[PDB]
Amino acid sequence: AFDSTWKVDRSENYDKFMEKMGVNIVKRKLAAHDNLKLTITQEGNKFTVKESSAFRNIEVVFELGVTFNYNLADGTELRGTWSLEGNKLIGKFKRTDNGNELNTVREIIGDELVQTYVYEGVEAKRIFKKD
C-alpha cells in the first residue's frame, strides 16, 4: 500500500514548518527543491525506507512500534516510532535536543502518498506520486 517508490510532487506550508524546526533560510531555499524520493519496502512489520534527495541518500530500517533513532538532514536527532492505525502510518518522534514532539502521518489518498507533519503548532504536508 505504502510499498512503492514515491517522488515528491508538491508541498503545503513546508517553509513555515522548516523554519519552526530551526532550518536556516539558505537550506529552506534548497529544501523547496530537494527532489525527495521515498522507496518504501514492507515485510510484515519490518519496513525499509530509502530516502533520496538533493541533500543525501540514506536508508532507514524500522519495525512497527519499536522505538528508533533517526537523524534529520542537519544532524538533529529524532527518537520515536512508526505505528499502523487502520490504513495510516503514524509517526511519533521527539527531538532529543529539546524533547518537542514531531508527529507525522503517512496516508494514501487516491494514488498519492500524503505525509502530514506537525511541529510546535505548525502543520505541513508533502504529497508524493508514484515514480
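So that there is no doubt, residue numbering starts at 1 and follows the sequence shown.
Exercise for review: Would you tell me which stretch averages the higher CA B-factor in the PDB entry, 38 to 46 or 99 to 107?
Suggested key: That would be 38 to 46.
Exercise for review: Averaging only over Cα atoms, indicate whether 48 to 56 or 62 to 70 has the higher B-factor in the PDB entry.
Suggested key: Stretch with the greater average CA B-factor: 48 to 56.
**Study point:** Chain-wide C-alpha B factor ranking for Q115, given as lowest, middle or highest third
**Key:** For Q115, whose C-alpha B-factor we compare with every modelled residue in the chain, the answer is the lowest third.
Point to revise | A1, C-alpha B-factor rank within chain (lowest, middle or highest third) | key: Its C-alpha B-factor, which the entry lists for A1, ranks in the highest third among residues of this chain.
Check your understanding: Would the CA B-factor of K129 place it in the lowest, middle or highest third of its chain?
Key -> Middle third of the chain for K129's C-alpha B-factor.
Review point. Can you tell me which third, lowest, middle or highest, the CA B-factor of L89 falls into for its chain?
Key: For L89, the deposited C-alpha B-factor lands in the middle third.
Review point. Relative to the other modelled residues in the chain, which third contains the C-alpha temperature factor of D9: lowest, middle or highest?
Key: Its C-alpha B-factor, which the entry lists for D9, ranks in the lowest third among residues of this chain.
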